[PDB]
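The letters A, B, C, D, E and F name the chains in turn, as written, and every chain counts its residues from 1.
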Amino acid sequence: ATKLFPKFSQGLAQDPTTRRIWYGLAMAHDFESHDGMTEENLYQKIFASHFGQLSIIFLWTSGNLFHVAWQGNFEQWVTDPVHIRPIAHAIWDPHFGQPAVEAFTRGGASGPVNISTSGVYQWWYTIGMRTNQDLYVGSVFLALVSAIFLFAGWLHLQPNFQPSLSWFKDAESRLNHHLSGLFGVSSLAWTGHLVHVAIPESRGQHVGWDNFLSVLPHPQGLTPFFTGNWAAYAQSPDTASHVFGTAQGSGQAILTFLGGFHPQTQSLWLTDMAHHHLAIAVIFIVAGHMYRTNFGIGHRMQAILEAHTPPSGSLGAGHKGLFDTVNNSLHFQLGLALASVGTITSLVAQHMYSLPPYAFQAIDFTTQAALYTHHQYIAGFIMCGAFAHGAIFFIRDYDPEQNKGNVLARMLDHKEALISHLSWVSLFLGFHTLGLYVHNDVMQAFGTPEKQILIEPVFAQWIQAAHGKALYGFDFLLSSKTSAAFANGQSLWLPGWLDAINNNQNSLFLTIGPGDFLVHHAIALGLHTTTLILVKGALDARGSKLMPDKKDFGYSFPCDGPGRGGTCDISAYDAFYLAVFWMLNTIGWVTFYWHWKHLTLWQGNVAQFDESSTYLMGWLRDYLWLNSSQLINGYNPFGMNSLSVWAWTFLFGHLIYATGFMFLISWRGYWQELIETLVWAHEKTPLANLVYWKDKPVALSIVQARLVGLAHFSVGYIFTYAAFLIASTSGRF
Amino acid sequence: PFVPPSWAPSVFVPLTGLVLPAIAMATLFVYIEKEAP
Amino acid sequence: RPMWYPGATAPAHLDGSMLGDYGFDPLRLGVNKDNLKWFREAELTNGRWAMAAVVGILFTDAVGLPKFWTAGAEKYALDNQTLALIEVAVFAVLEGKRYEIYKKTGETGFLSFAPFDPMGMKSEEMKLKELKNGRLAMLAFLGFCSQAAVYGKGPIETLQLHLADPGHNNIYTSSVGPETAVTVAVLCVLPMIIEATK
Amino acid sequence: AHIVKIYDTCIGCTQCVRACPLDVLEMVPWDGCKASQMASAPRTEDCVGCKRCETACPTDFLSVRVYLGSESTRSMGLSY
Amino acid sequence: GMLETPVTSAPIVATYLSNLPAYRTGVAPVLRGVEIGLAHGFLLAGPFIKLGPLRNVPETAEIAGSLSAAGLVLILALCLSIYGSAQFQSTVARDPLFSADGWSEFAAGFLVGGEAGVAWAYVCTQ
Amino acid sequence: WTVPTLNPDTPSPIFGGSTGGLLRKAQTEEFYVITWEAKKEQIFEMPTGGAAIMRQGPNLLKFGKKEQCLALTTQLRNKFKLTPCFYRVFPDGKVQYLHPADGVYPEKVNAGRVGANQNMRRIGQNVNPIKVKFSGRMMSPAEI
């Protein structure tokens, strides 16, 4: 009979097989495919889901704060943040034997704990947290915020509180409020916290809710701000002998732009960060008054889009009708948001390792490596999702009649040229990068290392020289002492920036050579190939020569059968599917390069990387084989240490990856026949045929098989690299 | 203070690991196989 | 017909046919008619057990006998291994006879006696009094355990300590103060939440 | 159940009906082609979705299309 | 039609299967559950006692093994209860065991029998 | 022509049995019965595996799905040039004639057949999915 689950799909509820549960779980968030769904109901469900997501995020943050305040060593880590390892949380496992108990008992705790690698200790220490009471109060506050967000999500679904469809389409009002309030006012408030709490707490002065109304952030007290003498806030900054957390060497300035890093914490100045947030707050608030909402002044995005067509007709109709195809399509907005968020996540990773913002973050090698790898993998997944949603937009929301002659239609008009050129770039990069690598490998194998091709990256070195690095000797722009660009910043920020960039002990514009050139080309190959697969799948989503009516089958369908030569993996979903492997490979190459260069930097031997990164054998032996010795020795027949959990996780990831290869290689048919034999065996077995199944056992579908195999592949990939990176970086240092 | 007792992990870890998942799995299993009227 | 707050509304399945109805079912677990009878019987037996347990705990503190949470550790004139075997052996037959009573009649019973009332005061008003007293005793037992968890000592001792300084000795000034204060505020806001949406 | 559709480009070659392994298609009289016949799908409740009919269609593009829809015991080809 | 072999057609195995409590077809389901539970708990107490993590420590190996077997019996009873709730929802002679009330009584009988079997297996080793 | 009626007392081909036969679905949901006339005793291949011997005259067989019945029909028509027919039988005893539905095989056109699921347009004339969006459920542009 018809089952209750899933309530959103009547066709799935009538399915008498096990496929009903799987499809009900995988199509729960596809509100557009639900039964009796309207546009207004769609937007309302997304609103409630957004509130629930915020509730989960805030609860997770409160949980991290609570566990650090309860089972951590934050009160002891602030005293000696160079020789004390941060504690994530305690370990309570009845499966642990005695050696595992004393092995994980470290960091000054009274029992087995986990050493945190997220870097929340440095972040909380920099923003002003000093005691466990502060973390406890922050945890309770975030839990209350999470409960409020959850209640808001439940409340916006009840009658008299459901927003209308017209409210969700007010793009001008939403953009104005997000730029001025969500971005500008939030940044201004963060500036207020840095000026009022973080900066005085870094100078040994406690400023909490009990005394912030009686403690002045500056000795002049708002007089220079109102009189326009803003330069008075940059007078007397922290000297080079300032000790973080104490008043020794501290200054009085609150808004500076010294640049560079703090001599002790090796991080950005707090006054510089406060000034940064103040400037971007003013800029975002000003930008929040651009669109017309209810007072006559402002813009209409439709007018700006319609008045942006070239006169010669190079772009056809230009952007006519682009306002309606974006405002009425949620997949277009989701794709744009994911593309920007993925790029910003990558930007965060690069800027965070190169310019550490939190105190004593550069010394924590495990934290730096884990944070960079985490943000780069998150960025790669988000980028793949952006392109997948672009393909979904082409299939479900693109209207050729409304987008007639504009840039959107012209993209599909010459999609063959785009795919062909992406293919050519990827082919050239792959052929040459692989050829140079194999050539260097043959030269190193034959005992002639002077015969390998080592192309110097003169363009990137030229840019590094433009930033102030005098190692290469170009002597121009910031590298030349007689340039206008150099002389115009010598009194504001160039001294600190130049001192930091010319220091070879940090990660600020590291020295590069032929190995960096080759790996950068490998990165370019990965980016271009992943882009080729994603772009080709989005452009061919509506159809191709093999499947002229692909848009009539949806975004995800198994195939079109073995006819016409065979149509396996013809849908756009399959294109995203194949692109996830390339994304994992690209992020693997970038994280491998980052980890090896930083490992050789921290070990004090950059020549090892410079001489072994030019051939793949050096990558396999000097980086993968050499750095995994301590990892695989976490547990051996002679005993175990605290690093055994990473060894177990290493083997765990290998097992999950290999398990994924099963769903990836073997296909449905074999499993369906095997399941039929199992059905017969259960039906003909006494004492067991009395227990019957409620859902008919069937093999996983083709699409489900691909998703399951990719999920196992990605999980094994991530867990294996995370275990190796954390174990190698923590054991070495 | 918000500090939990010393015996809090010995009670919450077995709860969240065996009691709560068993109840959740049983309730979810009954809900999935429930037949519509 | 009073409800569980000034201005509630029955959830379309608590019209009032059952005794002690106040329209309290936010989780809607009694939506099934078959489950409503079983849940009612469970509520009645839980209330009876809580009534006897609360009277027993209150009587032990007056005489001076060991505390209810430490009476098990005391050594009696028997073996705990034999006590558990006898307890499950007797209760197997007792619960089996009580379950068969509910299938034939629908209420509780003792052994082979379904309407167990040797005196005979089984009235409609008496059935509702049993439910009200059982609910009150269930809350009382939860209060006994909670007071012994944070304060220890005892129920009678807790009441005696509360009279010494009622403004300073309460659940809000104890170790679970902020949690119960936030919960009380959320609960006080709850009827307005239900009335605002309806 | 799956959705099987016949289009006007059908030439009435009856190759799709002969290739159907569950007797879903048939031939009905028509006047839009030389063969004076047209394919039809009056028993789509028994269609499994093997797409053999699409493989047997000679028109460009195909005159018969199978869109995988709801799954049941018959559409999944389950003998149990 | 079907394949008949001496393994599935011997009268001795048919009588042996008919003598089992599950194929009685005419007794109370609670009695069937009690019998099956006792027969299962008695054998279930063995592996936890002789192979558990506390198998080498004396005077507590049997205690830990019996407690583990009791917990397993409880989990199996919960599995039987949810199976009965999700299997019988609507609609020789029909066996009363294959019904909502019949399977619920069977699960309760299995729980009582399993716990009694575990307790009996514990004292049998003393 | 008139719709035939199933004869449950019809001899079955000589077969020793197999493990690929009927299952619980035949006793709880439905099953299929194929009948045909053979001019002589002949060995044929069973769709469920094995070799059976069809007897001279009427022959009846049971299968779990309609595909097995049509596969046997195709084998009997292409090899032995016979004319088989099958029905769908329900546990209550209801019999439903299935193929050939109108007494004539579907590969050859027959009068009286009403066309079903025919679109009076080509594939390229199908509308875009945006015009079909926000319908009762997941609908393809070909369904309209």
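To be clear about the criterion, a residue touches a chain if its C-beta (ideal position, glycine included) is under 8 Å from a C-beta of that chain, and two chains touch if they have at least 3 such contacts.
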- Both chain A and chain D are touched by which chains? F
- Message: Count the C-beta contact pairs for A-B and for A-F, then tell me which is higher.
- Response: A-F
- Query: Approximately how many whole Å separate the CA-defined centres of chain B and chain D?
  - Reply: 51
- Query: With chain centres defined as C-alpha means, what is the inter-centre distance between chain C and chain E in Å?
  - Reply: 34
- Message: Using the touch definition from the top, which residues of chain B touch two or more other chains?
- Response: 1-2, 33-35
- Send over the residues of chain A in touch with two or more other chains. 1, 11, 140, 548-549, 552-553, 679-680, 683-684, 692, 694
- Message: For chain E, give me the residues that contact two or more of the other chains.
- Response: 86-87, 90
- Message: Run through the chains and report each pair that touches.
- Response: A-B, A-C, A-D, A-E, A-F, B-E, C-E, D-F, E-F
- Item | chain A partner contacts - residues on chain D that touch it in the complex | 50-52, 54-55, 61, 65-73, 76, 78-80
- Message: Applying the document's contact rule, which stretches of chain E touch chain F when the two form their complex?
- Response: 1-4
- Hey, which residues of chain A end up touching chain B in the complex? 1-5, 13, 21, 66, 69-70, 90, 92-93, 136, 139-140, 694-695
- State the interface residues of chain F toward chain A in the complex, per the touch definition above. 19-20, 23-24, 123-124, 126, 128-130, 133-134, 136-138, 140-142
- Note on the structure: Per the touch rule above, chain A residues touching chain C in the complex are 140, 144, 151, 155, 158-161
